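Trainee: I have a structure here, written as structure tokens, and I will follow up with some questions on it.
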Protein chains: 2
Amino acid sequence: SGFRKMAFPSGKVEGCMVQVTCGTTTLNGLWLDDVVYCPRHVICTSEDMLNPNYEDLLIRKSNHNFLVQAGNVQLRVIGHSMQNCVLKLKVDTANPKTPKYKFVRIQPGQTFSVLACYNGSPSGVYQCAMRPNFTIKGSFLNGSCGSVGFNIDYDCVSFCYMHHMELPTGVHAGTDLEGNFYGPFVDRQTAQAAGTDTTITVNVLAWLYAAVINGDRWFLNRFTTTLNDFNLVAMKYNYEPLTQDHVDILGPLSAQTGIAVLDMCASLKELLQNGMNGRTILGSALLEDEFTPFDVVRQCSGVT
Amino acid sequence: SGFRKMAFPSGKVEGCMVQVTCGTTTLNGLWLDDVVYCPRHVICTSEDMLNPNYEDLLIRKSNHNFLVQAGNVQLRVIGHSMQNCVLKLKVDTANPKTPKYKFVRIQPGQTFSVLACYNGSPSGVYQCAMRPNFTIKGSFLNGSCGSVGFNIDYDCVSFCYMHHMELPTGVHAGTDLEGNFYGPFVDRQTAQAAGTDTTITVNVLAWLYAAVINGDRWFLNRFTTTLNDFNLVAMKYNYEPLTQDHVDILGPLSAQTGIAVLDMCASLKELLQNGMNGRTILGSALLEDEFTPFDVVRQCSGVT
Ligand SMILES: O=C(Cc1cccc(O)c1)NC1(c2cccc(F)c2)CCOCC1
Ligand SMILES: O=C(Cc1cccc(O)c1)NC1(c2cccc(F)c2)CCOCC1
């Protein structure tokens, strides 16, 4: 037992990280088969980032202007194309460490692991959630651009995120691996504000279930509620509304703990209204919303 | 910017994980060069665990009683020996994925990454600290035995922990890779209680520095203190006493933020005395003690 914010093992992704250098600008690329995927802003000077015309900037770049290094060996670039906000660099060598993989666009509230990288070299791995405002709260220094987010299903890496920028508020924005931003953000050096960072209610409930499974039971109350009554409280506290789809996905936790989903909602309602009163749940003084119901089942059952 | 509980990239360790089966009992082994390291309680039946005589139990085991599987290939066991609470199984094949490595015994307050594994297969990676009572607060289900803790220095994996058991309070105990328990615990199924889980003050201070570096500044106050005055407050709050050695190691953070260590101590003193008043620091409602000063520098500078 015990319950930890856990990332996927990163080895399969470590084997895919490369350094991409265009002009004097370097960041990370993802090498899968004979393609290297990186943020298109690799082509841009600091002056370019103010108001970049990526199509016009890219005209001035040839295959030989994209320097791709995997470990300390140079890959030969035989083609390049822009797909939305990512560049695809065709190389003459298939990555021999290519895992089974997919590109998936995730929904807000979904969690994934980030392999933070600098100059094509992995620095660390951490777990986060796509926020309801389509930002993530990462740990990214200058140079971490091209770092990717992923989930693993046995031997299949589903890549869901590529890091592109930090908003003036220090939160992070990026793309799926087709180069489409999450949310409304643009890869331009202009002030961009995020919407309301609401709490992922279905994830809090999953984590309350994990707490019960792990023996933190003090917050369980004598009450129940309804979806409509709960959602009145959710809205007041900038929690995402709970739907029957979210009730469905908490079923096995409901079943294991013999705690009806709406009873756990009524427990969460009192926690919102009363606070923690200086108490903790699974070592947290706040309600954790970066575990999905699938994450809680996975961790609580030991999937590899 | 942004500040995350970050694990080392786990690939170098993933390449070392194997399954070890003795009698009907399976758990994880660490394959380095031509040796597999696993908890000695692999030899034990459920009845054996009540009061095991490992020397006597091991007499009944031959090399061919230790089944070592790496992926889906069987390694040939050509020797076995007990070193304290670990078994060393000599195999006829050097692990071709052996990283540069060392065995280190860490001190309380030191952080490391755990690669949680089941049946020799990695499930997840998370960061934790050796508690001052020589326990760790992990995420370990039955079968996670042999899972290891490590730090990485560029290309060198320093292995510091091997998971052996869960205490009745759901906290975790284990050994260094020489098989010596952290703390007073024994690999026997008998009720064992942990001492006071005190807060790692030097780590809280490092994390307060990380908060300042990342723009969470609200807790900075107009006060300073002395080591003796601070330590009076530390003791009252079950914080570890702060020494000049801990002051030394917070210097670069002191220097970067222009916040004298004793000023940050005076800020921590008020936080202890006043609480957070419903506010948060780097997304936490409690004071985080699982980042060392080295962790904070590493993350805040981007070492790979
Ligand atoms: O995100 C930032 C801001 C930033 C820079 C440095 C330190 C910070 O704390 C924040 N700058 C880059 C960027 C800007 C605009 C669109 C875009 F796609 C990428 C360009 C420089 O490389 C990193 C990404
Ligand atoms: O730690 C536990 C207790 C435990 C078992 C199951 C579920 C729990 O939540 C807790 N049992 C094992 C053990 C006991 C004593 C010494 C020792 F070295 C190892 C033996 C069974 O395998 C796992 C380790």
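First residue shown is number 1, and so on along the chain.
Each Cβ is built from the backbone N, Cα and C atoms, and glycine gets one as well.
Pulled these from Swiss-Prot:
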CROSSLNK  B:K5  ubiquitin cross-link
ACT_SITE  B:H41  active site, for 3CL-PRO activity
CROSSLNK  B:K90  ubiquitin cross-link
ACT_SITE  B:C145  active site, nucleophile
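How buried are these features, and what lies next to them?
Mentor: Secondary structure at B:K5 (ubiquitin cross-link), taken from DSSP and collapsed to helix, strand or coil, is coil. Sequence-distant neighbours of B:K5 (ubiquitin cross-link) (same chain, six or more apart, CB under 8 Å from its CB) are B:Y126, B:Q127, B:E288, B:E290, B:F291, listed in sequence order.
A helical conformation is recorded for B:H41 (active site, for 3CL-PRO activity) in the three-state DSSP classification. Counting every protein chain shown, 23 other Cβ atoms lie within 10 Å of the Cβ of B:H41 (active site, for 3CL-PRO activity).
The Cβ neighbour count for B:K90 (ubiquitin cross-link), using a 10 Å radius over every protein chain in view, is 16. The DSSP secondary structure for B:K90 (ubiquitin cross-link) is strand.
A C-beta separation below 8 Å, combined with a sequence spacing of at least six in one chain, links B:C145 (active site, nucleophile) to B:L27, B:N28, B:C38, B:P39, B:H41, B:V42, B:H163, B:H164, B:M165. B:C145 (active site, nucleophile) falls within neither a helix nor a strand when secondary structure is assigned with DSSP, and so counts as coil.
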Trainee: Select from the recorded positions B:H41, B:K90, B:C145: which have any Cβ-Cβ contact with chain A shorter than 8 Å?
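Mentor: In terms of proximity to chain A, the recorded positions that count are none, since no Cβ is under 8 Å.
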Trainee: Among the recorded positions B:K5, B:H41, B:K90, B:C145, name every one whose Cβ is found under 6 angstroms from ligand 2, counting any of its atoms.
Mentor: B:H41, B:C145
